[PDB]
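Asks: Please read through the structure below; I'll follow up with questions.
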4 protein chains.
Amino acid sequence: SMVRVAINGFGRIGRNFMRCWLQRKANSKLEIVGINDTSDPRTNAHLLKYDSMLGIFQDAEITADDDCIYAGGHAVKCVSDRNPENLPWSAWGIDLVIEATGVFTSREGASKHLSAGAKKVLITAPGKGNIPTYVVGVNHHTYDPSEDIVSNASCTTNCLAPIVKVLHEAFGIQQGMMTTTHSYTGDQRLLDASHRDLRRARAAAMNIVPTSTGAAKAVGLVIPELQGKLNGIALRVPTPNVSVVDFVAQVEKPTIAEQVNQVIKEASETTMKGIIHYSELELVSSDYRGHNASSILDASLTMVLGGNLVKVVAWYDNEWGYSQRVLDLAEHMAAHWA
Amino acid sequence: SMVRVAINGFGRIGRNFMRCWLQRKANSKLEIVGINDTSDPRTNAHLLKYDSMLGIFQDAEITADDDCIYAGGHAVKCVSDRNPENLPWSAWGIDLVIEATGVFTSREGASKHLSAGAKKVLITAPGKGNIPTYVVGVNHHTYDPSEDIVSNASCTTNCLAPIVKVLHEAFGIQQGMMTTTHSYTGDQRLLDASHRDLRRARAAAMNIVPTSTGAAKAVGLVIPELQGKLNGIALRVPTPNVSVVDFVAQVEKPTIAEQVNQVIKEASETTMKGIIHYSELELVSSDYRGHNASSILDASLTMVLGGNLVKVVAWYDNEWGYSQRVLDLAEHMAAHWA
Amino acid sequence: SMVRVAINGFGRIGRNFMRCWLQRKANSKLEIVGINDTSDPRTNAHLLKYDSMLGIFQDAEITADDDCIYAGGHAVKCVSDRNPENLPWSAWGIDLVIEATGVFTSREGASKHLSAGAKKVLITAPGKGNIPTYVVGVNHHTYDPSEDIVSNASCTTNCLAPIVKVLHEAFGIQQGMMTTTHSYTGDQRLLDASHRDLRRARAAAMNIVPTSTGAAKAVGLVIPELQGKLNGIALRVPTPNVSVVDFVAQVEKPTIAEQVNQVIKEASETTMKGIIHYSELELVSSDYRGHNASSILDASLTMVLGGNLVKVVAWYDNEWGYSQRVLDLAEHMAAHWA
Amino acid sequence: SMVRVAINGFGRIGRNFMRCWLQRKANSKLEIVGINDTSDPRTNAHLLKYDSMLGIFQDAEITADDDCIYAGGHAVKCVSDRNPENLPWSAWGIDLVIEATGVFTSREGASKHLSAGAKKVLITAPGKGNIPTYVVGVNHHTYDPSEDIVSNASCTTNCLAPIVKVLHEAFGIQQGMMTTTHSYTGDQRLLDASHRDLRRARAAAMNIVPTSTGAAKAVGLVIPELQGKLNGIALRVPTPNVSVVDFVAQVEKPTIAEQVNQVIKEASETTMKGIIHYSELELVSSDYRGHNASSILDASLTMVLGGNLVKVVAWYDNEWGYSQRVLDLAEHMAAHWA
Ligand SMILES: NC(=O)c1ccc[n+]([C@@H]2O[C@H](COP(=O)([O-])OP(=O)(O)OC[C@H]3O[C@@H](n4cnc5c(N)ncnc54)[C@H](O)[C@@H]3O)[C@@H](O)[C@H]2O)c1
Ligand SMILES: NC(=O)c1ccc[n+]([C@@H]2O[C@H](COP(=O)([O-])OP(=O)(O)OC[C@H]3O[C@@H](n4cnc5c(N)ncnc54)[C@H](O)[C@@H]3O)[C@@H](O)[C@H]2O)c1
Ligand SMILES: NC(=O)c1ccc[n+]([C@@H]2O[C@H](COP(=O)([O-])OP(=O)(O)OC[C@H]3O[C@@H](n4cnc5c(N)ncnc54)[C@H](O)[C@@H]3O)[C@@H](O)[C@H]2O)c1
Ligand SMILES: NC(=O)c1ccc[n+]([C@@H]2O[C@H](COP(=O)([O-])OP(=O)(O)OC[C@H]3O[C@@H](n4cnc5c(N)ncnc54)[C@H](O)[C@@H]3O)[C@@H](O)[C@H]2O)c1
């Protein structure tokens, strides 16, 4: 029977994850039975239904009362406590917590759900410290059913890793530089305001904002042969969703642009089907909203110089594509449950 | 000698106020000696100098250490405590606190600065309850030197009131409706997220967001004859700064557009000089950045029907113009410090 | 059998109209057989399918060659000539031309399609001079089957007129002021550049840009009792689509907000069904994308002072809603093709 | 005495060039005496003074009549003819034409100014065909005084070339990939509309838009040893001005990030002073508005892997910094006039 899931943090990723599940609900091993968030159920049902990016949820009615959010007859219990130790996970029989607050990414933070009664936690972000990290289509079959806390990495890592994996196997990646031109996120400020990062303090819709990213080093955890070989940065820019990765690799086997493209295309039809999509179309960021792939290779932009310097460019829907992956990782854990 | 001022909340209004004061510092009866804010002095010195809206501060060098921000040799002490009861106002000899956090606008909230030792508080927002409210150029000469807590109203009210006062005295305002088309503010969300107001919850730079405003009722507190005669709404739109008021009045004395324009132009040259600016130019919001007036009447947009229904439109820089008026109100209180 | 329609100008309105028709194609008396536009069929097929605002067209396959656009097997002939006198309207047997270029809105301009062979022209904009103007749900039943050139007015007029008509019949509108806070359009500039209107010359996505509008006077042509009683302005703001009308009326019959709301709700359920939608929800512009109504009354925003000064606020999707009404007007003309 | 200059095309670059000159007018060998543009002098004086990006021109009064634009007593003659063969260049004694329309970048196009009577033309864009290309601080001392038509290259080339030149001399560039994350320009569409490039057809303020750029190949013309070794792309993003270049080079001499930074910093103090600025500050795009350097190296973002794969990141103000360079190239030509 079903794995009972709770969502902790009903934010952009929490609510995209819930909409992904509501559309794949008929063939799932998961049942979302609870949400904890700092707001109330009426606010949250409103935001679940009325989304500036995804539009109005159509498939089922979404309603709320003091206690619950109702999404097409399914009643999802709600609570509101900032400290996960106090959560009613035992009383609700929660198996798996989708940890989407952004604030409990270390083992000590995420463990508080275990001590409140949950059996496992899936963190929708890179882990801090020693937390096993999975990227679906790259290393998710190495999942160890005895792990209690896992990470689904970041959106950028889920875009980059599959492409790196295909290029590494075909050409041998020796070193690699990435830049993601990335939509702003809720971590940034609307107008100039205090922040730990002096660049992310700055009005997000008016600026190109450079920032660091662990995505390129995190690829080394999911593809252990590349540990320490990749580095990169992020530029946040004034769009609200959809991002793009530009990756330049120094490879061992000399090649040309048509061959790099052919290798990716073959992978997108076979071993990376559903993970990498190969696009030959001249599209822009709006067109990739709602796309289900982790990475959409923009084949016209591929270029190679001197045999060994390879550049590829891939799109990702950082909210929705990432949430589809969280859901796939969760379904995978449900099918391998101990 | 000088009135010693502390800023509580070094946000958009706090930092605009500080820049206003640094440029009018030679003519001033105030001396800013302290800042309380939830962030540290190095962050705040960086944000003071580097502003997405105002640009790089040029007049003087701005530096910081653990304890202080230095703005052209002047040392501004810094502290960081969310609870104003704990603040060192007696120890720093603070006379006047500029209350710019947005969070202590009731008498009970603002009184915590008195009990920490400040002699007076000027709230940079409408007051809740019974707090005397002043709009410079409308009723600031009614200020009573024995008042310990005052409000400088909102940006919208400072734009609307002077125009209303001139139109009321010339034509007799019987009723009036206002809509402000207003730049987004820090109160709104960057991407759809929880908020007390379900409209302000929504991505601010992607949406037109209606909201309620007390600006129109607050005009009745500064022009007591009009209490209960005005109402209005706000539409937040995707610009970071500069706003516009549209005001439709039912008046007693029949008139036409040219005459309504002439009455405002006359007032802008005499009794409202420096408060209302009259513009015959066809400008857009960007052109009003840094403008010092509380209201800039856009004269081409004035229209009248049937003698008695009058529409006027006025611009305001909601951050900078408003902060100029906080500074004027403070200088006025300094000059009458009995 | 079918009325053969050609689209002249395959811009935002032309392409929205075509999508409207492709989704209502089974119930239709029209058949779109031709397009004239300044660009070629491959470009136009790409733009028809890939739309930043509407997303990717899903219902049918859309393809092109040198001569034609194919939308689900239906072949739409294409030509590219700036001068409508040269167009092959007789040769293609065109009955009705949808004039959507923005450039042939006078009788003399629009008559060039007649002289090229079309039997009638429907202008997707206000007409200049003496052109009969229809707003569906307000005066479209006065359409006269012998009229050869008609106007569907503007988006703003389609939003404002039905509401005015309901309020006039219930309360007696004596005078009225309108401001539309309107999404930017193709008529404006991306960055400051030359334009007939010095305000529209200015960077559209960075500014609030006031402009004149004939929408309020045009309400007098569709509701002849109100000719000369209404006036208004527009403020263009940095959203790409969806607009809002704010209307302040001086009325004869004293009233209050609840009653004004009840009169509009009643009309939305009966005589204005499908034209006015009544909303009690706290939504923002993004939520009205794709909405089929000409006006969506935002009921919480309704306010009344002194019995006789009434403010209402209504949303409209200026591209899609308006195009639905062009399609309805065209279906109406088809049904009465005497 | 003075070189008499005319501006053909009074667009973003034409008007930025004019403001650069008005501020450096006291030590110049150039005198701007005429403008040709498709609009009239009153429109153009308005746009010259009221700029959404640069703000209100302060230094001098700017006025216009039917014939002329006046900028602080200096009367600049205006004409309006799309075809440069008809221009009054002989009658106005024009020596140098600043060709800023974007439409006369080939030798045959630009020569029409010579045949109207001008002696030289400086194209504010890459040339098509065999036109000598200069980048100030890279190859401008190779100017040949007998050349009648020159190119100042693009904004991206002016940012990239100086940095490439310093890296090549210190490390030996073997191959190099660039991506510029670039503000939208007037070449793009405000809302989805026809364009030769199917990506630039798309709403520029709502999308990340990839496009090709000749900047990386054009570096090979100004640094002839690197011909054919560089390639790259552009991503247009929703900011109106200021751009950033990300450059990844494969170099011969093994190095680390601190050494790459030290070499650039030393060049910025000496041979590239005024061309490259070295910044150690954590700033965002808004902060670089109005910056006079061709390239501002963001030193914190530099990274190196395996000795030979080097990434650097540099900002540029694509309007203003580029126009300063156009002015410097023109002054250089004036000082070497034959
Ligand atoms: N593009 C993306 O948005 C994206 C993609 C991949 C991963 N992520 C990661 O997913 C996580 C969430 O990011 P997001 O974009 O949803 O941010 P968000 O701020 O929209 O969502 C966080 C939610 O958690 C709530 N919250 C905060 N602290 C809480 C607490 N102690 N208890 C309960 N609820 C709490 C917030 O109110 C909000 O509802 C972050 O770790 C982020 O790094 C984001
Ligand atoms: N257009 C405008 O921005 C505008 C105009 C007029 C009035 N106001 C009003 O001015 C006030 C502030 O507006 P803002 O736009 O500057 O907001 P903001 O969020 O930029 O500023 C608030 C500042 O105070 C800090 N803060 C919050 N709680 C605190 C506490 N308990 N102790 C100390 N510091 C705290 C924040 O960290 C921030 O630095 C509000 O009352 C607002 O309504 C704003
Ligand atoms: N919100 C709106 O967009 C809106 C709403 C209602 C009405 N309108 C009106 O509809 C009309 C078009 O608006 P739009 O927003 O679609 O503009 P747009 O610029 O997107 O569309 C015009 C189209 O016609 C083409 N064109 C221009 N001149 C031509 C000629 N001589 N021959 C053939 N084709 C030509 C353009 O290339 C473009 O494809 C205008 O009259 C406008 O006022 C627009
Ligand atoms: N970031 C930048 O804007 C940038 C930087 C470097 C180079 N450039 C180049 O500078 C040139 C101008 O670009 P821009 O951004 O000023 O564009 P723009 O469209 O703002 O300026 C072009 C001007 O020329 C006018 N014009 C067009 N055709 C004409 C003709 N036949 N005769 C006279 N005037 C005519 C236009 O009306 C406009 O005033 C282009 O070649 C562009 O590639 C642009």
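Each chain of the structure tokens is named A, B, ... in the order shown, its residues numbered from 1; ligands are numbered from 1 in display order.
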7 Å from ligand 3 is the threshold here; counting only C-alpha atoms and all ligand atoms, which polymer residues fall inside it? Answer as a PyMOL selection string.
Replies: (chain C and resi 8-14+36-39+80-84+100-103+124-125+154-155+185-187+318-319+322) or (chain D and resi 193-194)
Asks: Tell me as a list in words which residues belonging to chain B come within 6 Å of chain C, counting only C-alpha atoms.
Replies: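 Putting it all together, I get residues 207, 208, 209, 238, 284 and 285 of chain B.
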Asks: Write to file, as a short mmCIF file (atom, residue, chain, number, x, y, z; two decimals), in the first residue's frame, the residues of the selection just made, with N, CA, C and O atoms.
Replies:
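The result, stored in result-v2.cif:
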data_model
loop_
_atom_site.label_atom_id
_atom_site.label_comp_id
_atom_site.auth_asym_id
_atom_site.auth_seq_id
_atom_site.Cartn_x
_atom_site.Cartn_y
_atom_site.Cartn_z
N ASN B 207 3.02 41.22 -12.08
CA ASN B 207 1.58 41.37 -11.94
C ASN B 207 1.22 42.85 -11.64
O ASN B 207 1.99 43.59 -11.02
N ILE B 208 -0.01 43.20 -12.03
CA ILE B 208 -0.73 44.33 -11.49
C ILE B 208 -1.51 43.75 -10.29
O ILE B 208 -2.25 42.78 -10.43
N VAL B 209 -1.30 44.35 -9.12
CA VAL B 209 -1.76 43.86 -7.82
C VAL B 209 -2.57 44.96 -7.12
O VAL B 209 -2.00 45.92 -6.63
N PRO B 238 4.74 46.62 -11.92
CA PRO B 238 6.12 46.19 -11.99
C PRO B 238 7.14 47.30 -12.33
O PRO B 238 7.96 47.04 -13.19
N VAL B 284 7.49 60.48 -18.42
CA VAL B 284 7.09 59.18 -17.94
C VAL B 284 7.72 59.00 -16.57
O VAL B 284 8.56 59.82 -16.19
N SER B 285 7.45 57.88 -15.91
CA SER B 285 7.86 57.71 -14.52
C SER B 285 9.37 57.87 -14.30
O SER B 285 9.77 58.52 -13.34
#
Asks: Mind the document's chain letters and residue numbers, and return as a PyMOL selection string the residues of stretch 42-121 of chain D that DSSP labels helix (DSSP H, G or I).
Replies: chain D and resi 42-49+84-86+107-116
Asks: Hey, can you check how far atom 39 (O, counted along the ligand's line) of ligand 4 sits from atom CA of residue D:53?
Replies: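 Computed distance, atom 39 (O, counted along the ligand's line) of ligand 4 to atom CA of residue D:53, equals 15.9 Å.
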Asks: Quick one: residues within 7 Å of residue A:94, only C-alpha atoms counted, chain neighbours fewer than 6 positions away excluded, as a count of residues only?
Replies: 4
Asks: If we count only C-alpha atoms, what is near stretch 270-272 of chain C at a cut-off of 10 Å, once residues fewer than 6 positions away on the same chain are taken out, given as a ChimeraX atom specification?
Replies: /C:136-138,162-163,165-166,264,293-294
Asks: Please determine, counting only C-alpha atoms and all ligand atoms, which residue among D:34, D:220, D:214, D:126 has the shortest atom-to-atom distance to ligand 4.
Replies: D:126
Asks: Given only C-alpha atoms and all ligand atoms, how would the per-residue table for chain B near ligand 1 read, listing every residue at most 10 Å away with its closest atom pair and distance in Å to one decimal, sorted by chain and number, as CSV?
Replies:
residue,atom,partner,partner_atom_place_in_ligand_line,distance
B:189,CA,ligand 1,20 (O),9.8
B:190,CA,ligand 1,20 (O),9.4
B:191,CA,ligand 1,20 (O),7.1
B:192,CA,ligand 1,20 (O),7.2
B:193,CA,ligand 1,20 (O),6.0
B:194,CA,ligand 1,37 (O),6.3
B:195,CA,ligand 1,37 (O),9.1
Asks: So that I can check the surroundings of residue C:45, please list as an MDAnalysis selection string every protein, DNA and RNA residue that reaches within 8 Å of it, counting only C-alpha atoms and ignoring chain neighbours fewer than 3 positions away.
Replies: chainID C and resid 41:42 48:49 62:64 69
Asks: Deliver the residues from the most recent selection as a file, using N, CA, C and O atoms, as a PDB file, in the first residue's frame.
Replies:
ATOM      1  N   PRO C  41       5.210  33.071 -44.680  1.00  0.00           N
ATOM      2  CA  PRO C  41       4.455  32.024 -44.007  1.00  0.00           C
ATOM      3  C   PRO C  41       5.252  31.192 -42.986  1.00  0.00           C
ATOM      4  O   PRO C  41       4.665  30.756 -42.018  1.00  0.00           O
ATOM      5  N   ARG C  42       6.539  30.928 -43.206  1.00  0.00           N
ATOM      6  CA  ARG C  42       7.288  30.133 -42.213  1.00  0.00           C
ATOM      7  C   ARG C  42       7.464  30.892 -40.876  1.00  0.00           C
ATOM      8  O   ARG C  42       7.246  30.327 -39.824  1.00  0.00           O
ATOM      9  N   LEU C  48       2.747  31.712 -34.773  1.00  0.00           N
ATOM     10  CA  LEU C  48       1.418  31.269 -34.441  1.00  0.00           C
ATOM     11  C   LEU C  48       1.517  30.167 -33.406  1.00  0.00           C
ATOM     12  O   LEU C  48       0.700  30.099 -32.506  1.00  0.00           O
ATOM     13  N   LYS C  49       2.458  29.270 -33.575  1.00  0.00           N
ATOM     14  CA  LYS C  49       2.536  28.106 -32.700  1.00  0.00           C
ATOM     15  C   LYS C  49       3.236  28.404 -31.360  1.00  0.00           C
ATOM     16  O   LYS C  49       2.842  27.862 -30.315  1.00  0.00           O
ATOM     17  N   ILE C  62       0.705  22.670 -36.834  1.00  0.00           N
ATOM     18  CA  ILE C  62       0.806  23.928 -37.553  1.00  0.00           C
ATOM     19  C   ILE C  62       2.091  23.870 -38.329  1.00  0.00           C
ATOM     20  O   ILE C  62       3.162  23.733 -37.735  1.00  0.00           O
ATOM     21  N   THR C  63       1.971  24.001 -39.640  1.00  0.00           N
ATOM     22  CA  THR C  63       3.102  23.864 -40.511  1.00  0.00           C
ATOM     23  C   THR C  63       3.046  24.909 -41.631  1.00  0.00           C
ATOM     24  O   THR C  63       2.063  25.623 -41.744  1.00  0.00           O
ATOM     25  N   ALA C  64       4.104  25.070 -42.409  1.00  0.00           N
ATOM     26  CA  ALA C  64       4.101  26.050 -43.482  1.00  0.00           C
ATOM     27  C   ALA C  64       4.940  25.669 -44.708  1.00  0.00           C
ATOM     28  O   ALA C  64       5.888  24.936 -44.584  1.00  0.00           O
ATOM     29  N   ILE C  69       0.121  28.532 -44.728  1.00  0.00           N
ATOM     30  CA  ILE C  69       0.181  27.987 -43.407  1.00  0.00           C
ATOM     31  C   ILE C  69      -0.876  26.895 -43.295  1.00  0.00           C
ATOM     32  O   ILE C  69      -2.005  27.062 -43.729  1.00  0.00           O
TER      33      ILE C  69
END
Asks: What's the 8 Å shell around stretch 104-108 of chain C, counting only C-alpha atoms, without same-chain residues fewer than 2 positions away, as a PDB file with N, CA and C atoms, in the first residue's frame?
Replies:
ATOM      1  N   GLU C  99      -9.434  43.402 -40.392  1.00  0.00           N
ATOM      2  CA  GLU C  99      -8.414  44.400 -40.555  1.00  0.00           C
ATOM      3  C   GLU C  99      -7.717  44.680 -39.231  1.00  0.00           C
ATOM      4  N   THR C 101      -4.113  45.454 -38.923  1.00  0.00           N
ATOM      5  CA  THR C 101      -2.758  46.009 -39.092  1.00  0.00           C
ATOM      6  C   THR C 101      -2.564  47.226 -38.236  1.00  0.00           C
ATOM      7  N   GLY C 102      -3.657  47.893 -37.872  1.00  0.00           N
ATOM      8  CA  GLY C 102      -3.623  49.108 -37.109  1.00  0.00           C
ATOM      9  C   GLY C 102      -3.466  50.343 -37.985  1.00  0.00           C
ATOM     10  N   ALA C 110      -9.748  51.527 -45.128  1.00  0.00           N
ATOM     11  CA  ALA C 110     -10.382  50.212 -45.116  1.00  0.00           C
ATOM     12  C   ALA C 110     -11.098  49.878 -46.448  1.00  0.00           C
ATOM     13  N   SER C 111     -11.553  50.890 -47.156  1.00  0.00           N
ATOM     14  CA  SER C 111     -12.215  50.683 -48.458  1.00  0.00           C
ATOM     15  C   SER C 111     -11.329  50.093 -49.518  1.00  0.00           C
ATOM     16  N   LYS C 112     -10.004  50.175 -49.316  1.00  0.00           N
ATOM     17  CA  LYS C 112      -9.101  49.594 -50.286  1.00  0.00           C
ATOM     18  C   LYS C 112      -9.257  48.058 -50.367  1.00  0.00           C
ATOM     19  N   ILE C 123     -12.880  46.121 -38.694  1.00  0.00           N
ATOM     20  CA  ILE C 123     -11.659  46.730 -38.218  1.00  0.00           C
ATOM     21  C   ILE C 123     -11.492  46.416 -36.738  1.00  0.00           C
ATOM     22  N   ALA C 125     -10.188  47.776 -34.205  1.00  0.00           N
ATOM     23  CA  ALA C 125      -9.752  49.017 -33.598  1.00  0.00           C
ATOM     24  C   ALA C 125     -10.838  50.028 -33.782  1.00  0.00           C
ATOM     25  N   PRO C 126     -10.777  51.141 -33.028  1.00  0.00           N
ATOM     26  CA  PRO C 126     -11.719  52.213 -33.315  1.00  0.00           C
ATOM     27  C   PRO C 126     -11.574  52.673 -34.785  1.00  0.00           C
ATOM     28  N   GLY C 127     -12.708  52.980 -35.420  1.00  0.00           N
ATOM     29  CA  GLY C 127     -12.714  53.613 -36.715  1.00  0.00           C
ATOM     30  C   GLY C 127     -12.485  55.111 -36.622  1.00  0.00           C
ATOM     31  N   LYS C 128     -11.777  55.665 -37.594  1.00  0.00           N
ATOM     32  CA  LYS C 128     -11.698  57.103 -37.763  1.00  0.00           C
ATOM     33  C   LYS C 128     -12.825  57.521 -38.724  1.00  0.00           C
ATOM     34  N   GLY C 129     -13.525  58.604 -38.386  1.00  0.00           N
ATOM     35  CA  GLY C 129     -14.556  59.192 -39.240  1.00  0.00           C
ATOM     36  C   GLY C 129     -15.913  58.600 -38.954  1.00  0.00           C
ATOM     37  N   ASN C 130     -16.697  58.363 -39.988  1.00  0.00           N
ATOM     38  CA  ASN C 130     -17.989  57.766 -39.778  1.00  0.00           C
ATOM     39  C   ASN C 130     -18.025  56.269 -40.092  1.00  0.00           C
ATOM     40  N   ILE C 131     -17.575  55.475 -39.135  1.00  0.00           N
ATOM     41  CA  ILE C 131     -17.630  54.030 -39.253  1.00  0.00           C
ATOM     42  C   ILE C 131     -18.499  53.524 -38.123  1.00  0.00           C
ATOM     43  N   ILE C 149     -18.327  48.339 -43.861  1.00  0.00           N
ATOM     44  CA  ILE C 149     -17.168  48.549 -43.013  1.00  0.00           C
ATOM     45  C   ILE C 149     -17.585  48.804 -41.579  1.00  0.00           C
TER      46      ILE C 149
END
